[PDB]
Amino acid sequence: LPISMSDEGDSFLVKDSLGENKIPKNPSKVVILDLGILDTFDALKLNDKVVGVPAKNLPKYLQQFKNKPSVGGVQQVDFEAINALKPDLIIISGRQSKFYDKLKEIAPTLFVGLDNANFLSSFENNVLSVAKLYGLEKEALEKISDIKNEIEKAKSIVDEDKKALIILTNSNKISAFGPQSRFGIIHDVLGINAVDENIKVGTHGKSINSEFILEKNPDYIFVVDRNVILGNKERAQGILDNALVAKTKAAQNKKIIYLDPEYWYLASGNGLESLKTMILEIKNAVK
């Protein structure tokens, strides 16, 4: 379900997939739990509206927020901190949906979910809905147009015949993801063909081994290394350092692509600049 808003008229009546809220126009004390939308606040010059962020996890591209009051991490939420800030709005995405009832007792709580089946339409709806609260629809529509142009430049160079596999690596485990997954933008938005369009799963992906990778023989392997986010010693490059992976088209053409997990694993797709960075990361890998 998209966000819908009716102007009423010091405030908006907002309906999203989790419920209904009255949100004041121009909210001045916003707690943000979704890192993508935090990046959109910066892109829209709304940094001064923000009073709390998840400071524990904060990635390198969001360091302008490192001194804001912390409300928790990528996973954990500090409810006492949120209450003490006395916010006028809390913004969450999918990862925080299980905190919704408790957050909504504190302040009106806006859900900016990304729909894995309809990524771009959800992205546009999230960004424009935030922009509408501040009367910044014109500025948001220009930036959305810029992202769309970057997508078209990127799609333009995709090879119709080559196929990719997306994997998440864990220290001793490889899991595969396909279209309409949490990493699905590679396939669904940029149009890169999948070695297996039928993985169709929920959150954990399909457990695979190197024999599977060779059998599929992908032209490209996009790797999201969860070892980096956890600080382990072992690295995807080591997990994939075997004779089976080495025979693959991807290995032979050095198209084993190690994506930045601070974008892909943390799921910063609601960010006007972070989504661009991700699009460019794919484009530059396949060009």
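Each form is matched to the other, and the largest set of C-alpha atoms that superpose within 1.5 Å is called the rigid core. One rule holds for the numbers: they count along the sequence shown, beginning at 1.
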For this session: Consider 177-185 and 194-202 separately and indicate which one has Cα atoms farther, on average, from the shown form in 5 other deposited structures of this protein after rigid core alignment.
Result: 194-202
For this session: Using RMS Cα distance over all structures and residues, flag whichever of 81-89 and 204-212 lies farther from this form in 5 other deposited structures of this protein after a core fit.
Result: 204-212
Problem set entry | 206-214 versus 120-128 - greater average Cα B-factor per the deposited record | 206-214
Exercise. On average, are the C-alpha B-factors higher in 196-204 or in 156-164?
Worked result: 196-204
For this session: Please work out which residue in 57, 28, 40, 47 has the highest C-alpha B-factor recorded for this crystal structure.
Result: 57
For this session: Name the residue from 181, 76, 83, 93 with the greatest C-alpha temperature factor listed in the entry.
Result: 76
Exercise. Residue 63: which third of its chain by C-alpha temperature factor?
Worked result: lowest
Seminar exercise, completed: Temperature factor at the Cα of residue 36, chain-ranked in thirds, falls in the lowest
For this session: Name the third of the chain's ranked CA B-factors that contains residue 251, choosing lowest, middle or highest.
Result: middle
Problem set entry | Chain thirds of CA B-factor: placement of residue 274 | lowest
Exercise. Going by what the PDB entry lists, where does residue 280 fall on CA B-factor within its chain: lowest, middle or highest third?
Worked result: lowest
